[PDB]
Amino acid sequence: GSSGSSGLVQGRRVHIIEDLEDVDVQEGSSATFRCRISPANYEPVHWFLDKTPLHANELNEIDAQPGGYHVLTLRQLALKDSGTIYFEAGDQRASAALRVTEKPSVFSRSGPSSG
């Protein structure tokens, strides 16, 4: 019905070698999200969760193990974070079940980024 255009152009090529698996831990902890994506030396890398972008910070951790092993240690998580990690790399997109239950502690992720 609507209008629009199409296009099929690109340079490099990414291949999801070992897509994520899954994670389930009490909110506020550091959930690790490993994923093997080629080229092993691909970068930069993007990381999303449900419907929100993710960037390395005092809490956000994004390592780069050898062999395209991108590890994401989201420190200080929240029950709301519980969703699905949507990794991005070229023309590929991973998807891992990001589960997050309640935790014993309190006051972790209430309002880090106002907006």
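Residues numbered from 1 in each chain as written, not as in the entry; some residues may be left out. Heavy atoms only, no water.

Named according to the PDB entry, the protein chain is KIAA1556 protein originating from Homo sapiens.

Q: Would you mind going over the side chain of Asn60 in detail, with residue names and values included?
A: Relative to the assigned elements, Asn60 resides in the loop between strand 6 (53-54) and strand 7 (73-74). Ignoring any residue separated from it by four or fewer positions in sequence, one finds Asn60 in contact with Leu54, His55, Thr73, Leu74 and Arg109. (Helix = DSSP H or I, 4+ residues; strand = E, 2+ residues; numbered from the N terminus. Contact = heavy atoms within 4.5 Å.)

Q: Before we move on, could you go through the packing of aromatic side chains and cite the residues and values that matter?
A: All told, the structure shown has 1 aromatic pair when counted by the stated rule. A ring pair is formed by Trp47 and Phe87, whose centres lie 5.0 Å apart and whose planes are at 65 degrees; its orientation type is edge-to-face. Taken together, the residues span a long stretch of sequence, with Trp47 in strand 5 (residues 46-49) and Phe87 in strand 8 (residues 83-89) at a distance of 40 residues. Accessibility assignment for this pair places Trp47 and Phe87 in one class, buried. (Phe/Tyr/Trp six-rings, centres within 6.5 Å; stacked < 30°, edge-to-face > 60°. Buried < 20%, exposed > 50% of the residue type's maximum accessible area, 1.4 Å probe, protein only.)

Q: Outline the nonpolar core, listing residues and values.
A: Within soluble globular proteins, side chains that are nonpolar generally end up buried alongside one another. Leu20, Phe33, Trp47, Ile85 and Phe87 are the most contacted members of the largest nonpolar core, which totals 21 residues. Contributing elements (two or more residues each) for this core: strand 5, strand 8 and strand 10 (96-101). Every residue in contact with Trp47, bar those within four places of it in the chain, is listed here: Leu20, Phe33, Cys35, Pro53, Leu54, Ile62, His70, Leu72, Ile85, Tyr86 and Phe87. (Core = buried A, V, L, I, M, F, W, Y, C linked by side-chain atoms within 4.5 Å.)

Q: Could you give me a rundown of the pattern of salt bridges, with the residues and numbers involved?
A: On inspection of all chains with the given rule, the structure shows 4 salt bridges. Across the pair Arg75 and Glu61 runs a salt bridge, and its minimum N-O distance is 2.7 Å. Within this pair, whereas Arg75 is found in the loop between strand 7 and strand 8, its partner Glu61 is found in the loop between strand 6 and strand 7, the two being separated by 14 residues in sequence. Residue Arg75 is classed as partly exposed on the basis of its relative accessible area, which comes to 34%. Here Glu61 falls in the partly exposed class, since its relative accessible area comes to 27%. (Salt bridge = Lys/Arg side-chain N within 4 Å of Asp/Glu carboxyl O.)

Q: For the environment of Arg99, give the residues involved together with the corresponding values.
A: For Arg99, the position within the fold is in strand 10. Not counting residues up to four positions away in its chain, the partners in contact with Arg99 are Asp22, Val23, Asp24 and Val25.

Q: I'd love a proper account of the environment of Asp50, names of residues and values included.
A: Mapped onto the elements, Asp50 comes out in the loop between strand 5 and strand 6. A sequence separation of 42 residues divides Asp50 from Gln92, and the C-alpha atoms of the two residues are 16 Å apart. In terms of polar contacts, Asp50 uses its side chain to reach the backbone amide nitrogen of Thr84, at 3.0 Å. (Polar contact = N/O pair within 3.5 Å; in protein donor to acceptor, adjacent residues only side chain to side chain.)

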